[PDB]
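Colleague: experimental coordinates for this protein are included below, preceded by the sequence.
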Amino acid sequence: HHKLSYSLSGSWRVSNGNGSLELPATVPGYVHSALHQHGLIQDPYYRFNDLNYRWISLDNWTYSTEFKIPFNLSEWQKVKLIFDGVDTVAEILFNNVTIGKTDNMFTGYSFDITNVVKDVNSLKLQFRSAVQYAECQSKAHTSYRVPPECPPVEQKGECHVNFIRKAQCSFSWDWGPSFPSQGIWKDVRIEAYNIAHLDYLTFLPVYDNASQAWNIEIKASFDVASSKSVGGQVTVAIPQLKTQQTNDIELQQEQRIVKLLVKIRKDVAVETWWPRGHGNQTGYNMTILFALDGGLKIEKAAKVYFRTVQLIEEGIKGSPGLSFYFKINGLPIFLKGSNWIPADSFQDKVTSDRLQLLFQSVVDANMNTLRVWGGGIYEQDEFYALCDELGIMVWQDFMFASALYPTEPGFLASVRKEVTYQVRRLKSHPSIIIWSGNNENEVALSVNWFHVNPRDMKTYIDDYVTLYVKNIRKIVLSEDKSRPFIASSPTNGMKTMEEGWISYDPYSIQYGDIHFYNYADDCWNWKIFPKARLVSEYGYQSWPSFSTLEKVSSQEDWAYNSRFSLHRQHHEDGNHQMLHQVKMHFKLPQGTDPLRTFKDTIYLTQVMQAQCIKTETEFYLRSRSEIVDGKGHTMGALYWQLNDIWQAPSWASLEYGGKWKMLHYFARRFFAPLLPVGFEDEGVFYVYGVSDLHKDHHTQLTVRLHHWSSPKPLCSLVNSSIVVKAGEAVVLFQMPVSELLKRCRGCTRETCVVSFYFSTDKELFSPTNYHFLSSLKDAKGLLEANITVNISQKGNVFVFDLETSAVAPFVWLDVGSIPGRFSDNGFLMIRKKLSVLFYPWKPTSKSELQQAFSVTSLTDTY
Ligand SMILES: *[C@@H]1O[C@H](CO[C@@H]2O[C@@H](C)[C@@H](O)[C@@H](O)[C@@H]2O)[C@@H](O[C@@H]2O[C@H](CO)[C@@H](O)[C@H](O)[C@H]2NC(C)=O)[C@H](O)[C@H]1NC(C)=O
Ligand SMILES: *[C@@H]1O[C@H](CO)[C@@H](O[C@@H]2O[C@H](CO)[C@@H](O)[C@H](O)[C@H]2NC(C)=O)[C@H](O)[C@H]1NC(C)=O
Ligand SMILES: *[C@@H]1O[C@H](CO[C@@H]2O[C@@H](C)[C@@H](O)[C@@H](O)[C@@H]2O)[C@@H](O)[C@H](O)[C@H]1NC(C)=O
Ligand SMILES: *[C@@H]1O[C@H](CO)[C@@H](O)[C@H](O)[C@H]1NC(C)=O
Ligand SMILES: *[C@@H]1O[C@H](CO)[C@@H](O)[C@H](O)[C@H]1NC(C)=O
Ligand SMILES: *[C@@H]1O[C@H](CO)[C@@H](O)[C@H](O)[C@H]1NC(C)=O
Ligand SMILES: [Ca+2]
C-alpha cells in the first residue's frame, strides 16, 4: 500500500547542442533512431552515412520531458527517479536542479528527488558526445598512454573507446561501424514509497555436496524511509517443491540488507536444468513476500532453475598440462555454438520479435552455447530469459575487449558499480556457465600487441591485475561461487593464475582455451588447426547476400572492389584474403556481366566460409576423446561469429536482418548429436564417429563414391559393427586412397567424390556428409548442372521440389529479402531429385517466392 511505481518511457523531446534541432524522441531510444524516425536523416546504414553523419555523434544532445506526477506529494515520504540504462555521459537536471551525473552505460542509477519534485516537473538529460568525452579523458590521463589510442584506418572509427564505459565496439570494429550515439537505452521510472524501498533483490541456487541438498541464497537491500527500525517477516514459497519458509527481518539505515538461505527439503525430488539436446530446461516458480510493519507488502516472483556447473582442469594421461571442459550436473558436455555480438548499432531496435527470431535460428543450428563477447553489451533481460528457457549456455564476458584500460580512481569507481550491478542482475540465470574477465587482453600484454616500451610494461601489468583481479574478480567471487571465473579469453586457466595472471603463452593448447585465425594457409588442411582443450573463437570471413547489400547500396556499388565495398570492409585486406582462400580450391568467377560477377563472388566467399569452418569444426569435434602427440581432448567449439551488426563482410553465419548464410546451414549439420566426419592423413581416408548422446549408439556406416557423371555409386562399403560411445569420438573407418579408388573402379581423385552417412531412427538427426578427393577447380567430368524448381505451398510452409541435370555441388537457394530460411541449403546434390522446405518469418505467397527465387550451383560461376 505504501509503494508506487510507474514508467516515464514514452515520447520525449530531443535537441542538439545549439538548439537548432528539436524533434520527438521515443524513450528508450537513441538520437540517431529519433532523427531517422522523424525523417530528418537517411538510414545511417546507407552507403557512406557513417562518414556523413559523424556530426551526430560529435554534438551534445539533450533528452527532455515535462510530466505531471499521478500522485500527491504530501502522501509520500520518499520519491526516487530510477534509470535502468543511460548511454552514457550525462548531467541530469530535475526542475533545473542537477540531481546527478552518469558515466557508465552498463549500470542502473537511482536518484532521490523527494525535495525537488513538484506537481508538474521537467526532466532533462544533457548528454555529452561519447567521442569528445573519450578524447578529453585520454588527455587528462597525462601520466602515461593507454593503448590502443586509435583504431585501424580501415575501420573508419573513433579513438579512445577504452576511456569510456560504453559498448567497446561502438567506435567501430573490424566488422562494425562507428555510430557512437547518445540515448536513454533502458526504462526510466518514478518510484515513491513510505517505510522502505527495495533497491534490489538477487538469489543464487546452489548445491551443497556436503548436505547433498539444494539451497537458495537470497540477498535484498532496502532503502529505509526514516531513522527508525522497520520490522516484519519474509515468506519464500516454491509450491511445486512443497517448499515454504518464513523468517523475521528488521531494517535500519545502517542495517539495510536482508540475507536468507532457503533449504529445499530433501523429501522432494528436484529436476535439474540442462542445455538443449542434453535434458530438460525445467525450472520452478517462486515468490518472495515481504510483509513489513505498517501494511507495506513487497512481493517479487522469479523462476528458479537448479543446475551445477564445474570447469574441470584435471590431468590427462600422456597429455602435458590440464584439461579445460565443462560438467553440467556432473556430465561432461562439448560446447557447441558461436560468439554473440550486438545485433544493432542502436539497442532500441533490437526488439523482442527480432531476438526471439534470432534465438530460433540459434536453436535450429543445433547450438547449445553462446559467448556474450566483451566488446558488446551486457545483454537485455530477454536475451538471458531466452537462454534459460531454450537451454542455451552463456559464456559471459565482462565488457572489456582487445584494449588496455586506465586504473584512474574515477574509472575504477565506475567499473565497480557496473560489475556489481551486472553480477547481481545476472547471477541467477542457469544459462551463464562461466564469468570471463575480458576478451583477449591477457594475450595483448603477454605478446605486447600494442608494442609498449618494455620499460613501462610493469605499469600495464599492474593495471591489468588491478582491474580484472583486484576489482572484477573480487566483486564476482564475493557475489557468486557457483560458477568458474577466468580473467581473460583466451587463457591458460589455473595455469594463468599460477603465473601471476598473465601467462607466458596464453595460446597454449596444453591449457585453457584458445582463439585461432589463419587466412594464409589452406583451410582444408586440418593440420593447421591447434588440437586445443577448447576453442572459444575461430572464423572465416564472407560477404552477406546481395539482397542484404541492396538495401543500403546503389547500382554503381555492386562490384567486389567498388568504393562502397572497400568502405564496408573493416578487416585489413579481407577482400584479398577471402579471394586467396577461394582460389585455394575454387575457380574465380569468369563472366561478362559485372553484376553477375559480383553476386557469384559473394556466393563463393560463403562457399569458402562454409566449407572452411566445416573442416575446422569437425576437426575439433573428432579430437574430444583422443590424445595425439600429447594434444587433444577438445571439449568446445564456439566459432566467430554468430551475427552481424550491419551489412558488411564478416565472420557471421547470420546476416544483418537474420538471413542465413550458407555457413549457418552447414552449422546445423556439423553440430548434430551424431555425426560421421571424414578426412585424410598422408594418403589414408579416415571416418570418425562423433556423439553427443548419453548412451552408446549402434548404427551402420555406409560409404560410397560417385563419378561427377551421374549419381550411381561405383561402390558401397557398409560396416554394420559400428558403436560410438556416449558423448565420444572414435575412428570408425580407415583405408588407403589407392585402395579406396581401386575398390570403386572408374574413380580418380579428380573425378569422384566420397559420401557417407549413418542409418538413424527418425528420432535422431544424423545428416549426410561428404569428402572431396581434390580441389573442385581441378575436378574432371564435372557436368554443368541445370536445376529446375517447382514451388508449392503446404500449410504455413512452402515446398521446393528440385531436379538437377548433374551431381551439383553447393546448390544454393535464395529468395532475396523474403524473411525466412530453408530446411537445408548449400548441400552437395548427388541425387537427381530433392525436396526442401522454406519457413517464412512473415506472411508470404508462392507468387512472391517464385518472383524472387534463384538457384545456384558451383558450375554457374565460371
Ligand atoms: C535447362 O533445363 C530446361 C528444362 O529442361 C527440362 O527438364 C529436364 C530435367 C529434362 O526433363 C528435360 O527433358 C527438359 O527439357 C531446358 O528448357 C527446355 O528446353 C527444351 C528445348 O531444349 C524445350 O523443349 C522445353 O520446353 C524447355 N523446358 C522448360 C521448362 O523451359 C533448358 O533448355 C535447359 N538448358 C539450358 C541451357 O538452359
Ligand atoms: C508459473 O508461472 C507462469 C506465469 O508467469 C505460468 O504460466 C502462465 O500460465 C497461464 C495459464 O496456466 C497462462 O495464461 C499465462 O500466459 C502463462 N504465463 C506465462 C508468462 O507463461 C505457469 O503455469 C506457472 N507454473 C505453475 C506450475 O504454476
Ligand atoms: C536554472 O538554475 C540556474 C541556477 O541553478 C544552478 O544551475 C542549474 C543549471 C543547475 O545545475 C542547479 O543545480 C544549479 O544550482 C539559474 O542560473 C538559471 O537561470 C535557471 N534557469 C531557468 C530557466 O530558470
Ligand atoms: C547549429 O549548428 C549547426 C551545425 O551542425 C548549424 O548548421 C546551425 O546553423 C547552428 N544553429 C544555430 C542557431 O547556431
Ligand atoms: C560538447 O560539450 C563539451 C563539454 O561541455 C564541449 O567541450 C564541446 O565543445 C561540446 N561540443 C559541441 C559540438 O557543442
Ligand atoms: C524431461 O521431460 C520429459 C518430458 O518430455 C519428462 O517426461 C521427463 O520425466 C523429464 N526427465 C527428467 C530426467 O526429469
Ligand atoms: Ca590457452
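Modeller: The structure has been received and is ready for your questions. Numbering: from 1, shown residues only. Ligands and ions are numbered 1, 2, ... in the order given.

Colleague: what is the neighbour count of residue 491?
Modeller: Around residue 491 there are 30 other residues, counting by other Cβ atoms under 10 Å. To be clear about C-beta, it is placed using only N, CA and C from the backbone, and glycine gets the same treatment.

Colleague: how does this structure divide into domains?
Modeller: Domain segmentation of the chain under curated CATH domains yields 1-194, 195-305, 306-671, 672-775, 776-862.

Colleague: hmm, residue 312 is touching residue 331, no?
Modeller: No. Using Cβ atoms under 8 Å, residue 312 makes no contact with residue 331, being 11.2 Å away.

Colleague: circling back: quick one: which of the domains of the chain is nearest ligand 4?
Modeller: Proximity to ligand 4 (Cβ to the nearest ligand atom) singles out domain 1-194 among those, at 3.6 Å.

Colleague: off-centre distance for that closest one?
Modeller: 25 Å (Cα atoms, centre = their mean, to the nearest Å).

Colleague: and it, is it in reach of ligand 4?
Modeller: Yes. Using Cβ under 6 Å from any ligand atom, domain 1-194 comes into contact with ligand 4 via 18, 20, 55.

Colleague: which ones among these are found in helices?
Modeller: residue 55 (DSSP state H).

Colleague: rebuild the residues of domain 1-194 next to ligand 4 as JSON lines, extending it with neighbour count and distance to residue 454.
Modeller: What follows is those, written out as JSON lines (neighbours: other Cβ atoms under 10 Å; distance: Cβ to Cβ, whole Å):
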{"residue": "18", "neighbour count": "8", "distance to residue 454": "48"}
{"residue": "20", "neighbour count": "8", "distance to residue 454": "51"}
{"residue": "55", "neighbour count": "8", "distance to residue 454": "41"}
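
Colleague: residue 453 and residue 542, how far apart?
Modeller: Going from residue 453 to residue 542 by Cβ to Cβ, to the nearest Å gives 39 Å.

Colleague: higher neighbour count, the two?
Modeller: Higher neighbour count among residue 453 and residue 542: residue 542, with 30 against 11, using other Cβ under 10 Å.

Colleague: I'd say that one and residue 604 touch.
Modeller: No. Residue 542 is beyond contact range of residue 604, at 9.0 Å (criterion: Cβ under 8 Å).

Colleague: who in the chain is up against ligand 5?
Modeller: So the chain meets ligand 5 at 17, 58, 59, 60, 128, 129, 132 (Cβ under 6 Å from any ligand atom).

Colleague: whichever of those end up buried, select them in PyMOL.
Modeller: For the buried members of the residues of the chain next to ligand 5, the matching PyMOL selection, counting by 16 or more other Cβ atoms under 10 Å, is:
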select buried, resi 59+60+128+129+132
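
Colleague: quick one, what contacts residue 591?
Modeller: 597, 600, 861, 862 (Cβ atoms under 8 Å, 6 or more residues apart in numbering).

Colleague: mind redoing it with 7 Å?
Modeller: Counting by Cβ atoms under 7 Å, 6 or more residues apart in numbering, residue 591 touches 597, 600.

Colleague: mind listing the shared neighbours of residue 542 and residue 604?
Modeller: Overlap of the contact sets of residue 542 and residue 604 (by Cβ under 7 Å, 6+ apart) is empty.

Colleague: what helices and strands are in contact with the lengthiest helix in the chain?
Modeller: Longest helix in the chain, counting residues (DSSP H): helix 594-622. Applying 3 or more Cβ pairs under 7 Å, 6 or more residues apart in numbering; DSSP states H and E, we find helix 594-622 packed against helix 574-583, strand 636-639, helix 662-670, strand 674-681, strand 684-691.

Colleague: let's have the ones you listed in TSV, adding mean neighbour count.
Modeller: Putting the helices and strands packed on helix 594-622 into TSV (neighbours: other Cβ atoms under 10 Å) gives the following:
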stretch	mean neighbour count
helix 574-583	19
strand 636-639	26
helix 662-670	25
strand 674-681	20
strand 684-691	22
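
Colleague: for residue 832, which residues are in contact?
Modeller: Here residue 832 is in contact with 711, 803, 804 (Cβ under 7 Å, 6+ apart).

Colleague: scratch that, residue 118 is what I was asking about
Modeller: Here residue 118 is in contact with residue 95 (criterion: Cβ under 7 Å, 6+ apart).

Colleague: nearest to ligand 1: which residue in this structure?
Modeller: residue 786 (3.7 Å).

Colleague: that residue and residue 329: what is the separation?
Modeller: 53 Å.

Colleague: the two: which is more packed in?
Modeller: residue 329 (17 against 14).

Colleague: can you get me a residue count around the closest residue to residue 814 other than its chain neighbours?
Modeller: In this structure, residue 814 finds its nearest non-sequential neighbour in residue 854, 5.0 Å apart by Cβ to Cβ, 6 or more residues apart in numbering. Residues near residue 854, counting by other Cβ under 10 Å, number 14.

Colleague: now do residue 649
Modeller: Per other Cβ under 10 Å, the neighbour tally for residue 649 reads 25.

Colleague: next up, the contacts around it.
Modeller: Counted by Cβ under 7 Å, 6+ apart, residue 649 has contacts 541, 542, 543, 568, 569, 574.

Colleague: JSON lines please, covering the residues you listed and showing secondary structure and distance to residue 699.
Modeller: JSON lines is the format used below for these (DSSP: H, G, I helix; E, B strand; the rest coil; distance: Cβ to Cβ, whole Å):
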{"residue": "541", "secondary structure": "coil", "distance to residue 699": "36"}
{"residue": "542", "secondary structure": "strand", "distance to residue 699": "33"}
{"residue": "543", "secondary structure": "coil", "distance to residue 699": "38"}
{"residue": "568", "secondary structure": "helix", "distance to residue 699": "46"}
{"residue": "569", "secondary structure": "coil", "distance to residue 699": "45"}
{"residue": "574", "secondary structure": "helix", "distance to residue 699": "41"}
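
Colleague: could you work out the most separated pair of those residues?
Modeller: 542 and 568 (12.9 Å; Cβ to Cβ).

Colleague: tell me, how many residues neighbour residue 716?
Modeller: 11.

Colleague: I'd say it and residue 701 touch.
Modeller: No. In this structure, residue 716 is not within contact of residue 701 by Cβ atoms under 7 Å, at 11.2 Å.

Colleague: how close does the spatially most central residue of the chain sit to residue 395?
Modeller: What sits nearest the mean C-alpha location of the chain, by Cα atoms, centre = their mean, is residue 340, with 1.3 Å. Distance, residue 340 to residue 395, using Cβ to Cβ: 9 Å.
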